[PDB]
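These notes concern the structure reproduced below.
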Amino acid sequence: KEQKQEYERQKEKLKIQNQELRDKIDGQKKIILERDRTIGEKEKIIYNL
Amino acid sequence: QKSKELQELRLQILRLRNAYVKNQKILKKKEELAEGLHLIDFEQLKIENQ
Amino acid sequence: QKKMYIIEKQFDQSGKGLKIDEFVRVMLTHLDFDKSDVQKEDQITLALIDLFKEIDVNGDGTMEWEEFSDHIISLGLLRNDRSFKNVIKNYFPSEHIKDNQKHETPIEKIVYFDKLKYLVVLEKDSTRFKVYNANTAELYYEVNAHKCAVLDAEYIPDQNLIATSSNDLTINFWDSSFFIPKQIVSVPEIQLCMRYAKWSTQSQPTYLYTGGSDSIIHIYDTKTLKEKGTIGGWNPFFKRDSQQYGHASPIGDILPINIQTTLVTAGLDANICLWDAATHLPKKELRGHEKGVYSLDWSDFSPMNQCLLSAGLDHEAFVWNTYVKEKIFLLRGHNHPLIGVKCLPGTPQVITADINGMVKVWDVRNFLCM
Amino acid sequence: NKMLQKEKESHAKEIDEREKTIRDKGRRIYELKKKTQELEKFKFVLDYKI
């Protein structure tokens with residue numbers, strides 16, 4: 001029973017790794033696209049100027 | 001060897017002196033005011049100084 | 001204005017409005033420009049074609065003298081509006097406001113508590129801070145803030161307190177409702193600047209940041225009024241591998257940019273450390289000033305015209321961008337060291353003042369000495 | 001966990017570099033604004049002088 005309890009924390013850490021690796025990344029793409037759109041908007045002002 | 005050495009010395013002195021004359025000419029030619037309107041600006045400015 | 005009637009005559013000569021070619025040709029004959037020079041010939045042709053298209057409301061490609069006169073009328077009314085936008089009227093001297101109290105010593109500092117209207121003036125070598133009216137210079141109380149010279153007097157709205165920092169190593173928060181010192185806090189060092197930072201985020205507690213001679217920003221929560229942390233500064237004792245972030249001179253000022261959550265610290269070393277107030281770590285170090293930077297303002301007239309404005313030992317004010325490291329603009333014409341740069345809220349007017357009473361009011365849309 | 005560790009990575013450097021490009025293009029925007037402003041005044045100045 002103690003061994004099962006000890007390996008329960010191992011399983012919990014494993015699920016933690018699973019979720020962390022499954023985590024957003026997409027959230028980090030979106031900032032990239034926002035910055036690209038701002039870059040493109042800045043390019044238009046540059047060309048007009 | 002001494003004649004040849006003085007000869008490249010003459011080459012380098014002549015080219016350096018020509019670069020010198022060009023550098024004083026550039027220094028004088030940089031009289032342009034700024035920007036932009038360079039001479040006419042102070043010409044009209046010189047008009048008011050008048 | 002001499003050729004106005006001649007242009008009218010030539011335009012009426014068309015009888016059905018001048019098309020692009022006749023329109024441009026008439027203004028080319030009449031204009032005080034270089035018809036024979038291809039550069040301005042083509043540039044004026046393009047400008048007049050743009051004018052023609054703008055006048056083109058019917059879309060038929062004909063600009064009648066009626067339309068041209070209407071456009072001239074609109075431009076005349078706009079000129080009537082004698083700014084061409086956002087009239088920045090000159091700051092005239094206040095004919096109605098002047099000092100009244102007998103300042104026994106020279107004015108050291110003046111912090112205008114807009115929330116309280118308490119224009120607390122800390123007198124040089126005077127142990128009392130005289131709080132006047134920013135609108136009438138009317139001193140409320142001459143109350144002994146501390147035991148020695150007072151460096152800064154900032155309003156903590158979070159506790160309705162006027163915090164005064166003194167060289168006696170003390171900070172006295174006085175309840176503005178009664179101008180009595182609510183809390184006296186001792187500090188290991190004297191803080192030269194002391195600014196209440198209430199960052200925009202709702203969850204960030206308000207921090208009275210005090211920049212002392214050590215260049216370390218001591219952070220006092222406006223509730224307990226006590227130190228709880230120290231920001232990076234020139235600390236040779238802490239000799240380790242940490243990168244040199246901060247300033248090598250005493251903190252002159254602390255600028256809480258709540259919009260960007262940035263604690264800006266300007267040092268005598270000419271550095272302007274932008275510290276991430278969320279982490280108080282350096283987000284950046286603006287540089288380009290020749291000597292110690294003393295005053296910082298944040299011209300927020302427009303999001304596309306946002307400009308930090310820094311002044312100090314330098315006789316000119318540097319414009320800075322949070323992204324763009326290089327100084328955006330430099331206000332010229334100043335004859336002496338600039339006391340600081342102010343960015344009037346709600347207006348594009350930035351005031352830069354020299355030590356000799358010379359003030360330049362600039363339009364951030366152009367940063368010109370309006 | 002092993003498959004997801006093989007999976008997860010990236011895009012922080014991309015966010016930062018895109019912010020950098022925004023910065024550079026704003027720099028150029030203001031540079032060209034200043035150049036255009038410098039050239040605008042000369043037009044009216046030269047019309048007035050003519």
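Each chain of the structure tokens is named A, B, ... in the order shown, its residues numbered from 1; ligands are numbered from 1 in display order.
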When DSSP is applied to the backbone of this structure, which of stretch 7-50 of chain B are assigned helix (DSSP H, G or I)? Write them out as a PyMOL selection string. chain B and resi 7-29+40-49
Store the residues picked out above in a file with C-alpha atoms, as a JSON list (two decimals), in the first residue's frame.
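Produced file result-v6.json, reproduced below:
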```json
[["chain", "number", "residue", "atom", "x", "y", "z"],
["B", 7, "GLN", "CA", 60.92, 55.84, -55.19],
["B", 8, "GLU", "CA", 58.07, 54.12, -53.35],
["B", 9, "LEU", "CA", 58.45, 56.84, -50.73],
["B", 10, "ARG", "CA", 57.87, 59.36, -53.52],
["B", 11, "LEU", "CA", 54.84, 57.37, -54.70],
["B", 12, "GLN", "CA", 53.33, 57.35, -51.23],
["B", 13, "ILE", "CA", 54.14, 61.01, -50.53],
["B", 14, "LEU", "CA", 52.59, 62.09, -53.83],
["B", 15, "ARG", "CA", 49.41, 60.06, -53.33],
["B", 16, "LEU", "CA", 49.12, 61.18, -49.70],
["B", 17, "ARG", "CA", 49.58, 64.82, -50.74],
["B", 18, "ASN", "CA", 46.85, 64.47, -53.38],
["B", 19, "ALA", "CA", 44.59, 62.93, -50.75],
["B", 20, "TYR", "CA", 45.53, 65.90, -48.59],
["B", 21, "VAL", "CA", 44.51, 68.47, -51.17],
["B", 22, "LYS", "CA", 41.25, 66.59, -51.67],
["B", 23, "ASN", "CA", 40.63, 66.57, -47.92],
["B", 24, "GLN", "CA", 41.09, 70.34, -47.57],
["B", 25, "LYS", "CA", 38.83, 70.78, -50.59],
["B", 26, "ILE", "CA", 36.19, 68.59, -48.93],
["B", 27, "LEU", "CA", 36.54, 70.51, -45.67],
["B", 28, "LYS", "CA", 35.95, 73.79, -47.49],
["B", 29, "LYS", "CA", 33.14, 72.33, -49.61],
["B", 40, "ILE", "CA", 20.00, 79.62, -50.35],
["B", 41, "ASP", "CA", 18.87, 79.34, -46.74],
["B", 42, "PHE", "CA", 21.64, 81.58, -45.42],
["B", 43, "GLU", "CA", 21.61, 83.60, -48.65],
["B", 44, "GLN", "CA", 18.13, 84.76, -47.71],
["B", 45, "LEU", "CA", 19.41, 84.68, -44.13],
["B", 46, "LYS", "CA", 22.33, 86.82, -45.31],
["B", 47, "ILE", "CA", 19.70, 89.11, -46.87],
["B", 48, "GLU", "CA", 18.26, 89.84, -43.42],
["B", 49, "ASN", "CA", 21.74, 90.17, -41.93]]
```
Mind checking which residues fall within 10 Å of residue A:46, counting only C-alpha atoms, ignoring those fewer than 6 positions away in the same chain, and posting them as a VMD selection string? (chain A and resid 40) or (chain D and resid 25 to 33)
Only C-alpha atoms, please: the residues just picked out, written as a short mmCIF file (atom, residue, chain, number, x, y, z; two decimals), in the first residue's frame.
```
data_model
loop_
_atom_site.label_atom_id
_atom_site.label_comp_id
_atom_site.auth_asym_id
_atom_site.auth_seq_id
_atom_site.Cartn_x
_atom_site.Cartn_y
_atom_site.Cartn_z
CA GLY A 40 2.80 45.27 -41.70
CA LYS D 25 9.46 49.55 -38.73
CA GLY D 26 8.25 52.15 -36.25
CA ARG D 27 11.76 53.57 -36.30
CA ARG D 28 11.61 53.81 -40.09
CA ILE D 29 8.07 55.23 -39.91
CA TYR D 30 9.25 58.10 -37.74
CA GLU D 31 12.40 58.61 -39.82
CA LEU D 32 10.31 58.98 -42.96
CA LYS D 33 7.83 61.17 -41.10
#
```
Exercise: stretch 275-285 of chain C partners within 8 Å, only C-alpha atoms, chain neighbours under 3 positions left out, as a PyMOL selection string: chain C and resi 204+231-232+245-246+261-265+271-272
Write the residues of the preceding selection, restricted to C-alpha atoms, as a PDB file, in the first residue's frame.
```
ATOM      1  CA  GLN C 204      -0.665  45.257  -8.269  1.00  0.00           C
ATOM      2  CA  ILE C 231      15.478  47.260  -6.578  1.00  0.00           C
ATOM      3  CA  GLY C 232      18.788  46.841  -8.361  1.00  0.00           C
ATOM      4  CA  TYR C 245      21.702  46.434 -14.327  1.00  0.00           C
ATOM      5  CA  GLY C 246      20.756  49.750 -12.747  1.00  0.00           C
ATOM      6  CA  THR C 261       4.079  48.968 -15.743  1.00  0.00           C
ATOM      7  CA  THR C 262       7.598  50.392 -15.932  1.00  0.00           C
ATOM      8  CA  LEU C 263       9.597  51.969 -13.113  1.00  0.00           C
ATOM      9  CA  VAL C 264      11.909  54.393 -14.912  1.00  0.00           C
ATOM     10  CA  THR C 265      15.053  55.423 -13.026  1.00  0.00           C
ATOM     11  CA  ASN C 271      21.352  55.669 -17.913  1.00  0.00           C
ATOM     12  CA  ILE C 272      17.566  55.393 -17.784  1.00  0.00           C
TER      13      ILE C 272
END
```
Using only C-alpha atoms, determine which residues of chain D fall within 9 Å of chain C; present them as a list in words. residues 19, 20, 22, 23, 24, 26, 27, 30, 31, 34, 37, 46, 47, 48, 49 and 50 of chain D
Just the residues within 9 Å of residue A:29, please, counting only C-alpha atoms, with nothing from its chain fewer than 6 positions along; format it as an mmCIF file with N, CA, C and O atoms, in the first residue's frame.
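Saved as result.cif:
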```cif
data_model
loop_
_atom_site.group_PDB
_atom_site.id
_atom_site.type_symbol
_atom_site.label_atom_id
_atom_site.label_comp_id
_atom_site.auth_asym_id
_atom_site.auth_seq_id
_atom_site.Cartn_x
_atom_site.Cartn_y
_atom_site.Cartn_z
ATOM 1 N N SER D 10 9.016 26.097 -28.568
ATOM 2 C CA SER D 10 9.253 27.221 -29.478
ATOM 3 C C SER D 10 8.325 28.428 -29.338
ATOM 4 O O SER D 10 7.506 28.511 -28.417
ATOM 5 N N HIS D 11 8.480 29.371 -30.276
ATOM 6 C CA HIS D 11 7.628 30.536 -30.519
ATOM 7 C C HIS D 11 7.842 31.731 -29.589
ATOM 8 O O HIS D 11 7.347 32.829 -29.877
ATOM 9 N N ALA D 12 8.625 31.573 -28.521
ATOM 10 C CA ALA D 12 8.950 32.734 -27.695
ATOM 11 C C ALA D 12 9.941 33.645 -28.409
ATOM 12 O O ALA D 12 9.771 34.875 -28.436
ATOM 13 N N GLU D 14 10.222 33.805 -31.555
ATOM 14 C CA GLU D 14 9.460 34.396 -32.649
ATOM 15 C C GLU D 14 8.646 35.593 -32.175
ATOM 16 O O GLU D 14 8.599 36.624 -32.856
ATOM 17 N N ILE D 15 7.998 35.482 -31.011
ATOM 18 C CA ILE D 15 7.283 36.632 -30.458
ATOM 19 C C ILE D 15 8.233 37.812 -30.286
ATOM 20 O O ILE D 15 7.936 38.946 -30.693
#
```
